[PDB]
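Just one chain follows, in the form deposited in one PDB entry, and it is written as structure tokens.
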């Protein structure tokens, strides 16, 4: 494999234009350690410039998507350093989870095969589209660990899940399954685990057929237009269209 052995906590496999990105700490339910965060920044920067990768799928090894932030590894790394290390460690989490990922140049799909807890909600929603297994379990367990949702988790909910349901799951920390995730709008679809890869693959190959520059303008302009008024968007959306026409040539 082009990327075999390159990262310790992540695996990347290219197949016919699809970059399958697997969070790969299965014994730790792919908990996002500071090492995983630095490696995932490198994965996204590398795949952005890899002409053979037209779409990214973000999935988890084993029975986990990600259980969220790795408590042990964060604090061993923070407590060993001055205050300023926490600022860098948070930036590294943000950098892959949404600063590069949410407005990524290439289309992105979360393939949620299992556990998706806490911090995993940020990259889940930064990913453009999402398919889960029926068998997947989700939760915002932060409240039961004595922290409010950290990083962009609460905004990830605010963008995808209705006000009342967002507050219910944030406030109670109750778990929910793949069907509920799809019903609430957190993902596009929930399917049996045995059909997850094929469902994700057909969507990925659909996106691969689109003009990349046009798809980028369309998906990323939509995300930004949510934040702008109609008068502001007249200007912004026509600028993205004209920008698309320049960069396609």
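Numbering follows the first chain given and starts at 1. Rigid core: the largest C-alpha set superposing within 1.5 Å between the two forms. Residues that one form lacks are left out of the comparison.
- Mean CA B-factor, 238-246 versus 1-9: the higher value falls on 1-9.
- Between 62-70 and 220-228, the higher mean Cα B-factor belongs to 62-70.
- Note on 75, 168, 104, 121: the highest value goes to 75, judged by CA B factor as recorded.
- Across 97, 160, 154, 144, the greatest Cα temperature factor reported in the deposited entry is at 144.
- When the modelled residues of the chain are ordered by their C-alpha B factor, residue 92 lands in the middle third.
- Sort the modelled residues of the chain by CA B factor and residue 200 lands in the middle third.
- Looking at the C-alpha B-factors along this chain, the one for residue 189 belongs to the lowest third.
- Looking at the C-alpha B-factors along this chain, the one for residue 40 belongs to the middle third.
- Residue 182: CA B factor in the lowest third of modelled residues in this chain (values from the PDB entry).
Heads up, the form solved in complex with a small molecule isn't pictured, but that's what we're talking about next.
- Proximity to the small molecule in the bound PDB entry, taken as heavy atoms within 4.5 Å, picks out 69-77 from the listed stretches 69-77, 155-163, 124-132, 104-112.
- Think of it this way: in the bound PDB entry, the small molecule has a heavy atom of just one of 202, 50, 42, 27 within 4.5 Å, and the residue is 27.
- Taking the partner from the other structure, the small molecule in the bound PDB entry has a heavy atom within 4.5 Å of a heavy atom of residue 119.
- Among residues of the shown chain, residue 57 is not one whose heavy atoms approach the small molecule to within 4.5 Å in the bound PDB entry.
- Contact check for residue 63: a non-hydrogen atom falls within 4.5 Å of the small molecule in the bound PDB entry.
- Interface membership of residue 95, defined by any non-hydrogen atom within 4.5 Å of the small molecule in the bound PDB entry, is ruled out.
- Shifted stretches between the shown form and the other one, defined as 3+ consecutive common residues each with a CA displacement of 2 angstroms or more after rigid core fitting, are limited to 73-77.
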